[PDB]
Amino acid sequence: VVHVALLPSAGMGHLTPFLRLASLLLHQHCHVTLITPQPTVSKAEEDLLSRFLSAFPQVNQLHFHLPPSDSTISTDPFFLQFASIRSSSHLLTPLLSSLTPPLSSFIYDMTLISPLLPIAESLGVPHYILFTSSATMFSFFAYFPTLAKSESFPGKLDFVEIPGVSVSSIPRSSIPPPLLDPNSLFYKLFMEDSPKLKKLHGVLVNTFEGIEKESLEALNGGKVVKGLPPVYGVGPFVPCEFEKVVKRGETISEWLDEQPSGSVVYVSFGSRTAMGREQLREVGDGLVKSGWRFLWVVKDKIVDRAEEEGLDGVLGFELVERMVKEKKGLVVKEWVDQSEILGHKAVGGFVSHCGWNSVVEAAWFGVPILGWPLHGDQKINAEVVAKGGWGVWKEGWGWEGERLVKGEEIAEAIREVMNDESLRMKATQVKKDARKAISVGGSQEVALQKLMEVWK
Amino acid sequence: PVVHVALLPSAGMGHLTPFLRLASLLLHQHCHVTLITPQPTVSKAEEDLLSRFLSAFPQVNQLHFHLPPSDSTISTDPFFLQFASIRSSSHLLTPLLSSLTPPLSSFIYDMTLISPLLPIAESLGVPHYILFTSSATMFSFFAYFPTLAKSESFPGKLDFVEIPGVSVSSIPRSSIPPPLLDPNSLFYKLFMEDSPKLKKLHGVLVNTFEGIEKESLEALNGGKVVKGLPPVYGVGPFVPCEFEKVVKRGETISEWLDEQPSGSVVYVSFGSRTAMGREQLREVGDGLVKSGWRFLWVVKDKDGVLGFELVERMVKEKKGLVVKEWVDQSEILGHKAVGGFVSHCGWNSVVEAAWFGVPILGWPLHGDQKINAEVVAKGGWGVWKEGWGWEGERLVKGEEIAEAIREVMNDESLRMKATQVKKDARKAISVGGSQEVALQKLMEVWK
Ligand SMILES: O=c1ccn([C@@H]2O[C@H](COP(=O)(O)OP(=O)(O)O[C@H]3O[C@H](CO)[C@@H](O)[C@H](O)[C@H]3O)[C@@H](O)[C@H]2O)c(=O)[nH]1
Ligand SMILES: O=c1ccn([C@@H]2O[C@H](COP(=O)(O)OP(=O)(O)O[C@H]3O[C@H](CO)[C@@H](O)[C@H](O)[C@H]3O)[C@@H](O)[C@H]2O)c(=O)[nH]1
């Protein structure tokens with residue numbers, strides 16, 4: 001009996017790939033202990049966890065209760081759990097060592113590598129990180145101590161050239177701004193965590209050769225960093241049935257059934273809102289001006305804090321009236337089944353902030369992407385898609401809040417992506433490779449067996 | 001040799017519309033009409049309607065009545081500011097009217113201007129009248145108010161105002177405009193000064209007819225409201241005219257109505273202007289989606305009013321439209337898809353609903369609207385809820401609103417009565433109808 005322990009970080013962007021990896025390991029007949037930091041931050045995490053545990057009642061949920069963290073750096077509830085874990089991870093050792101059956105391996109989130117590395121070494125089992133973003137973004141993370149020691153860093157630097165990765169030249173404009181400030185916490189965490197990769201037994205990435213061939217080969221051939229552990233491309237993590245909410249109104253699917261094939265552009269900027277009010281108006285104005293059918297999924301401005309503000313409060317009355325007249329667009333404020341949407345033949349395009357889970361899903365369903373990266377890794381992820389030729393993004397729009405992107409710019413970008421058959425044909429090729437990756441003898445099965453060979 | 005009539009409307013679409021429709025009726029009787037236009041006109045809606053009217057009837061002489069701007073200490077209401085200017089600059093009219101060819105035969109001015117215009121009309125020496133733009137029952141209340149004010153029970157003790165023989169026999173205290181219950185109010189003083197001046201007119205024109213206000217028309221002309229009141233001419237219904245149609249209007253509203261089952265749409269409009277708070281408007285949208293009926297909601301310009309679930313149902317279910325524009329209300333009320341009218345019960349909308357046989361869910365907000373709503377309810381082609389209160393008194397919730405909408409839309413007794421009111425409205429404008437008879441009686445003394 002192979003026993004694997006899993007510890008995701010906070011946020012749907014981390015919990016979703018971890019529960020999909022858990023599903024993959026259960027199919028390989030592993031016994032899975034899912035470590036759950038408590039109290040969980042968001043309701044969406046609560047609901048997905050209960051839906052997951054219901055679908056797989058054989059998995060053992062180990063509750064990891066966290067004392068309250070009071071930090072002067074940030075009040076964000078997601079950051080405060082992260083602060084709790086790296087100050088109170090000593091509590092995990094008794095819960096993990098005194099555990100039956102004996103653990104065979106430990107897989108935790110890459111963001112928790114500093115607190116969890118001594119915990120894993122005290123358990124004496126093969127331990128790994130699951131990185132929830134692209135292999136190209138991981139290459140940047142692994143290369144960062146080398147990059148920060150250059151005299152070009154930070155002012156002179158124009159392009160970051162990491163040997164052999166899928167994005168050969170990363171401009172300074174695509175680097176997350178805090179990583180250019182040696183005084184930022186982000187910079188400090190990268191400089192502390194990246195050298196610890198050598199202590200790991202391996203790195204798991206939700207990616208496949210069909211989208212990141214160069215980055216995966218560069219990471220595994222000692223090209224990016226000397227002494228890196230093996231990097232396992234175990235993607236794509238395909239959506240699972242337990243994610244689907246049990247009782248949905250079906251009205252979104254019923255609306256998609258009434259549109260022509262490839263007619264609808266789907267817009268989602270991620271699990272949470274990272275976009276200001278003035279920019280959100282311009283988004284709705286751009287969708288109406290584009291002339292294309294659209295399904296725009298918006299989130300609550302603050303997580304789990306609903307408001308009575310109308311859609312004309314956000315977008316303005318005339319924009320809303322023109323929308324209901326032309327009959328071409330839906331705007332919903334809810335947690336949708338994004339896989340049901342991307343898998344529908346009426347959807348011909350995806351306006352995405354390029355969070356990596358949404359990028360892999362679009363690859364799985366062969367939907368071309370109009371990238372609107374906002375923060376963090378998203379500009380690097382968007383260029384991974386652009387390099388593959390199944391997506392496009394406007395590098396001049398900037399990080400979120402740098403400038404106001406007008407509705408006419410947005411409409412012209414939408415019309416560009418929705419009319420480009422070259423992007424659609426390349427996305428269909430990416431989809432074919434994504435389907436091959438999870439077939440029998442495909443890259444995902446090969447990579448999983450290579451992991452399972454050590455465990456037992 | 002021609003009969004010449006001068007018309008002076010007060011500010012607002014609720015006053016210009018009946019006056020221009022009266023002008024159309026008078027032009028059909030071969031009168032030469034002079035339209036006195038207070039300038040600058042307050043709203044753009046009045047501008048565009050006036051130009052469409054003059055363009056349709058180029059034989060009408062427009063006399064511009066230039067007014068000095070009232071001061072900021074007078075009011076923030078642009079319609080009261082025109083009132084204040086007219087009261088002080090009415091002396092200007094006497095030169096313009098006495099030096100007018102062909103000489104004037106009669107003079108019809110808005111009732112709200114009866115105080116500054118009465119001495120002007122008497123110097124002209126022609127028969128002069130008021131056009132009251134609201135219901136005959138509301139007029140009976142206005143004419144009876146000096147009698148009511150000199151009562152012992154006025155104002156605190158009174159529970160019901162009983163005007164002898166009118167269409168609504170007992171007007172509850174809760175239906176009286178609140179300022180008229182305050183003997184120190186400005187509204188009170190204007191009522192007390194203007195009402196006795198009615199006895200100095202040659203007659204009163206009301207946009208009404210026997211089909212909707214038989215009792216109060218009888219009581220007014222029978223001396224039962226005020227002894228020696230001049231004759232009251234029921235010259236309604238004022239029907240929509242062609243010049244009101246905007247020549248190049250979109251068809252999104254009509255095309256949407258053409259796709260709905262007959263009698264399935266609730267039309268919702270609270271009048272010519274905004275008169276409802278935002279948190280209340282948010283409940284109107286919730287009530288429309290909760291009612292389950294198709295709706296056409298017209299909103300007037302003054303956090304959002306259009307909730308997310310409301311917009312979703314309009315796009316997925318195609319259940320509703322919400323517009324913020326000057327719609328063609330007559331085209332909407334005349335469409336067979338429309339089966340109900342949620343109205344603030346401004347009198348022109350009431351008469352139009354009667355003209356098209358559309359039952360009314362009354363939601364009175366200010367002034368005469370509770371009295372008008374009961375005129376409809378007494379006729380049996382409408383319903384209103386007394387407990388909702390004046391605008392802003394309390395928050396009427398969406399579930400209350402949805403319940404009232406489902407009541408009116410399902411009530412065939414109201415629809416059949418509205419069809420009967422419509423048949424009387426059509427009869428009133430036919431040969432030998434009450435409108436013709438009242439117009440000939442009104443014009444017999446004009447030379
Ligand atoms: O209405 C919704 C919204 C989201 N999802 C799902 O939720 C996941 C969202 O994940 P992702 O696309 O990564 O968005 P975020 O979670 O916002 O992305 C965060 O996490 C990513 C992975 O670490 C990073 O790449 C991003 O920069 C970071 O913002 C996806 O699987 C979606 O299918 C839904 O099912 N319905
Ligand atoms: O979008 C619109 C709105 C209104 N109308 C027309 O404008 C007129 C509105 O007149 P009315 O129904 O009287 O509304 P208001 O002008 O708001 O009513 C005011 O004036 C009335 C007549 O004096 C009074 O009875 C009311 O209490 C007072 O609020 C009607 O003919 C409607 O057909 C349109 O054509 N389109």
# chains A, B, ... in the order shown; residues from 1 in each chain; ligands from 1
call {"tool": "residues_around", "arguments": {"residues": "residue A:370", "least_positions_apart": "2", "cutoff": "8 Å", "atoms": "only C-alpha atoms", "output": "PyMOL selection string"}}
result
chain A and resi 349-352+368+372+391-393+413-414+417
call {"tool": "residues_near_ligand", "arguments": {"ligand": "ligand 2", "cutoff": "7 Å", "atoms": "only C-alpha atoms and all ligand atoms", "output": "compact mmCIF listing (two decimals) with C-alpha atoms, in the first residue's frame"}}
result
# COMPACT_ATOMS: atom_id res chain seq x y z
CA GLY B 12 -43.94 69.95 -17.86
CA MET B 13 -44.88 67.24 -20.33
CA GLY B 14 -47.96 66.52 -18.21
CA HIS B 15 -49.21 70.01 -19.12
CA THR B 17 -49.25 67.26 -23.91
CA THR B 133 -54.81 68.79 -16.69
CA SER B 134 -55.91 66.30 -14.01
CA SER B 269 -43.79 53.79 -16.06
CA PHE B 270 -43.83 56.36 -13.27
CA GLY B 271 -44.38 59.41 -15.49
CA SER B 272 -42.58 62.25 -17.24
CA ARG B 273 -39.82 62.61 -14.65
CA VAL B 298 -39.26 52.59 -18.45
CA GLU B 325 -35.48 57.04 -22.84
CA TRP B 326 -38.59 58.94 -23.87
CA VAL B 327 -40.64 56.03 -25.22
CA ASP B 328 -43.76 56.17 -27.39
CA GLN B 329 -46.14 55.29 -24.57
CA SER B 330 -49.15 55.28 -26.91
CA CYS B 345 -51.53 57.57 -12.18
CA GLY B 346 -50.61 60.87 -13.74
CA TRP B 347 -53.85 61.81 -15.40
CA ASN B 348 -52.67 61.79 -19.02
CA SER B 349 -51.42 58.22 -18.61
CA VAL B 350 -54.74 57.24 -17.02
CA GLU B 352 -54.38 56.96 -22.41
CA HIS B 366 -47.26 62.45 -5.04
CA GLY B 367 -49.97 65.09 -5.35
CA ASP B 368 -53.20 64.11 -7.10
CA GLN B 369 -52.15 60.53 -7.79
call {"tool": "closest_residue", "arguments": {"among": "A:359, A:280, A:438, A:205", "to": "ligand 1", "atoms": "only C-alpha atoms and all ligand atoms"}}
result
A:359
call {"tool": "select_by_dssp", "arguments": {"residues": "stretch 215-328 of chain B", "states": "strand (DSSP E)", "output": "number ranges by chain"}}
result
B: 232-234, 265-269, 294-298, 320-323
call {"tool": "residues_near_ligand", "arguments": {"ligand": "ligand 1", "cutoff": "7 Å", "atoms": "only C-alpha atoms and all ligand atoms", "output": "PyMOL selection string"}}
result
chain A and resi 11-14+16+132-133+268-272+297+334-339+354-359+361+375-378
call {"tool": "interface_residues", "arguments": {"of": "chain A", "to": "chain B", "cutoff": "9 Å", "atoms": "only C-alpha atoms", "output": "PyMOL selection string"}}
result
chain A and resi 251-252+254-255+308-318+320-333
call {"tool": "atom_distance", "arguments": {"atom1": "atom CA of residue A:29", "atom2": "atom CA of residue A:63"}}
result
22.8 Å
call {"tool": "atom_distance", "arguments": {"atom1": "atom CA of residue B:297", "atom2": "atom CA of residue B:391"}}
result
18.3 Å
call {"tool": "select_by_dssp", "arguments": {"residues": "stretch 205-420 of chain A", "states": "alpha helix (DSSP H)", "output": "PyMOL selection string"}}
result
chain A and resi 209-220+251-256+277-290+311-314+317-326+338-342+356-365+378-388+407-419
call {"tool": "closest_residue", "arguments": {"among": "B:8, B:198, B:404, B:365", "to": "residue B:266", "atoms": "only C-alpha atoms"}}
result
B:404
